[PDB]
Amino acid sequence: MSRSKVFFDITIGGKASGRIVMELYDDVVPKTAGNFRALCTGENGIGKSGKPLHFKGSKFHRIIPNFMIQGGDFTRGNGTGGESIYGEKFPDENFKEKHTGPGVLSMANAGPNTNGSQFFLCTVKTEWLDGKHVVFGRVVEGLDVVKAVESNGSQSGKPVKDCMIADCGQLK
């Protein structure tokens with residue numbers, strides 16, 4: 001049915017770097033899409049973690065050149081944290097959409113049925129993740145902002161500086 005539109009305003013080392021706009025596939029993965037939408041708006045307030053269920057102020061803690069940029073750990077900030085609005089973990093909804101190219105928005109996980117709040121934005125086609133990570137959206141404006149964050153990644157995954165989601169929300 002009706003696809004949601006959300007955004008990130010990004011800063012890099014504290015400097016304003018632009019807005020990423022994402023379209024979500026509510027029609028294909030309504031549960032997965034709704035979780036990310038509510039985390040952009042912050043509407044479910046404080047999580048079991050004791051931290052806001054909100055991407056605002058979080059960072060891309062893992063960034064790999066010619067692969068993807070990854071974020072959403074607003075509880076630990078290191079890839080070990082994160083929390084869904086549903087209460088920490090939720091199953092893989094379905095694997096209908098594929099990792100077909102740059103701009104694909106997909107859930108990070110620690111194996112089957114481990115979805116939380118961590119997600120990634122692909123900078124290349126990553127077909128080896130099909131059937132393993134739930135794809136739920138795509139970048140529709142600001143892919144250049146994505147490339148800018150990418151240039152701050154390392155093979156190791158560690159960023160060379162803080163790439164933050166300074167602001168976020170739902171459009172329209």
Side-chain angles (χ1 to χ4, degrees), residues 6-25 29 32-33 35-36 39-40 49 51 54-84 88-93 95-168:
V6 296
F7 70 99
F8 306 147
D9 294 320
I10 295 316
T11 60
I12 298 179
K15 202 241 190 327
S17 313
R19 173 171 293 185
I20 306 164
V21 176
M22 292 144 290
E23 162 184 274
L24 313 173
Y25 301 150
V29 272
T32 304
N35 177 54
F36 191 89
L39 292 169
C40 295
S49 60
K51 313 282 271 254
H54 208 185
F55 290 133
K56 183 172 177 172
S58 62
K59 316 147 146 63
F60 293 91
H61 62 278
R62 172 170 169 80
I63 299 163
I64 295 183
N66 310 286
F67 188 14
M68 54 86 210
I69 69 167
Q70 185 176 127
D73 187 354
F74 47 76
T75 68
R76 230 45 47 108
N78 60 14
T80 67
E83 174 181 348
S84 89
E88 154 147 64
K89 262 143 109 188
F90 67 101
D92 300 315
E93 199 165 3
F95 292 119
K96 190 260 157 164
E97 295 277 355
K98 314 291 175 185
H99 296 83
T100 57
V104 155
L105 171 59
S106 183
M107 294 294 295
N109 56 237
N113 302 311
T114 47
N115 301 288
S117 57
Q118 290 184 56
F119 61 99
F120 59 102
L121 287 162
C122 301
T123 63
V124 296
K125 170 186 167 125
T126 66
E127 72 269 29
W128 61 94
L129 303 170
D130 294 345
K132 303 163 63 190
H133 290 272
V134 168
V135 172
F136 61 99
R138 53 151 152 159
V139 172
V140 288
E141 318 166 40
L143 191 59
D144 52 306
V145 188
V146 178
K147 302 293 305 196
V149 170
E150 183 183 0
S151 76
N152 288 278
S154 68
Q155 284 172 170
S156 88
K158 177 173 171 101
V160 279
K161 49 173 110 180
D162 285 354
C163 303
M164 296 217 350
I165 298 171
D167 207 0
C168 57

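All residue numbers refer to positions in the sequence shown, counting from 1. The figures that follow rest on heavy atoms only: side chains count, while hydrogens, waters and symmetry mates do not.
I12 approaches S17 most closely through the heavy-atom pair CG1-OG, 3.3 Å. Closest approach of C168 and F8 over heavy atoms only: CB-CD2, 3.8 Å. Taking all atoms of both residues into account, the shortest heavy-atom contact from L24 to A33 is CD1-O, 3.9 Å.
For the atom pair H99 NE2 and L129 CG, the distance stands at 5.0 Å (nearest 0.5 Å). Atom CD1 of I165 is separated from atom CZ of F55 by 6.5 Å, given to the nearest 0.5 angstrom. Note that CG of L105 and CD1 of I20 are 10.0 Å apart. Values are rounded to the nearest 0.5 Å.
Looking only at distances, a side-chain donor or acceptor of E150 sits under 3.5 Å from a matching main-chain atom of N66. Within the 3.5 Å criterion, the main-chain N or O of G79 finds a donor-acceptor partner in the side chain of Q118. In this structure a side-chain-to-backbone donor-acceptor pair under 3.5 Å is missing from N115 to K89. With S58 contributing its side chain and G72 its backbone, the two residues share no donor-acceptor pair below 3.5 Å. The closest donor-acceptor contact from the side chain of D92 to the backbone of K132 lies at 3.5 Å or more, if one exists at all. Checked by atom type and distance alone, the side chain of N35 pairs as donor or acceptor with a backbone atom of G116 at under 3.5 Å. A donor-acceptor contact shorter than 3.5 Å links the side chain of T75 to the backbone of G82. Checked by atom type and distance alone, the side chain of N152 never pairs as donor or acceptor with a backbone atom of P159 at under 3.5 Å. In this structure, the side chain of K158 does not engage the main chain of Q155 through any donor-acceptor pair within 3.5 Å. In this structure, the side chain of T11 does not engage the main chain of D9 through any donor-acceptor pair within 3.5 Å.
Ionic pairing of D130 and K98 is not present here: no N-O contact between side-chain nitrogen and carboxylate oxygen is shorter than 4.0 angstrom.
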Could you walk me through whether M107 and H133 pass the side chain to side chain contact (heavy atoms under 4.5 Å, CB included) test, one step at a time? CA-CA 6 Å; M107 294 294 295; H133 290 272; 5.6 Å; no

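A heavy-atom distance below 4.5 Å is not found between the side chains of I63 and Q70. Using a 4.5 Å cut-off on side-chain heavy atoms (C-beta onward), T126 and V104 make no contact. No side-chain heavy atom of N78 sits less than 4.5 Å from a side-chain heavy atom of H61. No side-chain heavy atom of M68 sits less than 4.5 Å from a side-chain heavy atom of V124. Side-chain contact between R138 and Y25: present, with at least one pair of heavy atoms (C-beta onward) separated by less than 4.5 Å.
Ring centroids of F136 and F119 are separated by 6.0 Å or more, keeping the two rings apart.
Residues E93 and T32 bring a donor and an acceptor atom of their side chains to less than 3.5 Å of each other.
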